[PDB]
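So this first bit is one chain, no partners, the form deposited in one PDB entry, shown in C-alpha cells.
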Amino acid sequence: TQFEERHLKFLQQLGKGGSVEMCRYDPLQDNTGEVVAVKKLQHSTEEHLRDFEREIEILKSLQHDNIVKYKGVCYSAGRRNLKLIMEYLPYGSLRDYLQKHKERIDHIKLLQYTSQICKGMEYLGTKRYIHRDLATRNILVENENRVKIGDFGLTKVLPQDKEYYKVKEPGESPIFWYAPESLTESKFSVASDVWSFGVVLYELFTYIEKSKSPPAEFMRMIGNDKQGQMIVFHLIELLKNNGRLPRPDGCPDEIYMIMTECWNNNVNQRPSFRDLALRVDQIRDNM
C-alpha cells in the first residue's frame, strides 16, 4: 500500500544519524491517522540515494520480532528522493531509555534485552547481512519487554564467495565498537558484529553512564592527548596487546565472561550468535 507525501503530517523530530521524524499519516485529514516514523536523507546526493535504496531493500527483506517493521516508501516527483516509513516505537532509543531508568532496570531485564538483540542479529546473519554499527544508539524500545534493532544504514551484504566485506573508502566509522581487523584491514564479517555485540553488552551493564562509555574508557587507556588518526593507531596497538574495556561495576561474572569471549583477537574463536542466544537464555532461566 502507498503513502502520499501530502498526507504525512510532521509532529516531532526524533533524532539525527539522515534524520528520523515522527509523523501522522493522515489521509482522512482529521488527525486520526497512524503515527509512523519517517527516515529521510539530510544530503540526498546520487551516491547516498543509491546507498539508501539498498538500505530500504535490506529492511524490507527482514521480518523478525526484534527488527523494526518496514511500512513503505514515499516517492517524490522528478529527482526521486525517498522517505522510508517505519513503525513508530514509542519508548524511543534504548540509549535514552536506559539513561532515564538507570538501575530501576534490573539484570534480568537487561538480559531479556540482550537475548533479543542476539536473536535479531542471528536472523540478520542467516540473510548474510553484516550490520557494522551494532550499538545501543541503534536499538529502539517498543515497550518494557521488547527492544528492536532499528537502523541499518551501514549494513552490507556479503559477496557470494566471501565471508567478509572489505570497505574501500570508509565514511562514518564507530571505531570504539570495531573489531581489530575492521580497524586494520577494513574487514567486516559476522565475527566483527559479534565483537561489536560484546561492546553493546558492556553498554547495557554500565547503564550507558557517560564517563564509562567505550569512547571515554578507550581514550583513557590510550591517553586523552591522542587526536584524529592517532586515536586509530593507538587503539589498534592497545587491542593487539589485550587492552580491553573494564568489567562494569556490579556486572555478574558469567556476563562479563561473554563480553571478553566476544573480544577475541582471533576471529575464528569468537562465539556465534546462535550460541550466544542459548547461553544468555540459560543465564536468565538460572536467575
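Residue indices: 1-based, along the sequence shown. If you superpose the two forms and keep the largest set of C-alpha atoms that fall within 1.5 Å, you have the rigid core.
Another form, the form deposited in another entry, is not on view; read the next lines as being about it.
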{"item": "Displaced residue check between this form and the one not shown: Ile108, CA, 2 Å or over, core reference", "value": "no"}
{"item": "Yes/no, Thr184 Cα shift of 2 Å or more between this form and the one not shown with rigid core fixed", "value": "no"}
{"item": "Rigid core superposition, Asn81 Cα moves 2 angstroms or more between this form and the one not shown", "value": "yes"}
{"item": "In the other entry, whether the C-alpha atoms of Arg80 and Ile130 sit closer or farther than here (change of 3 Å or more)", "value": "farther"}
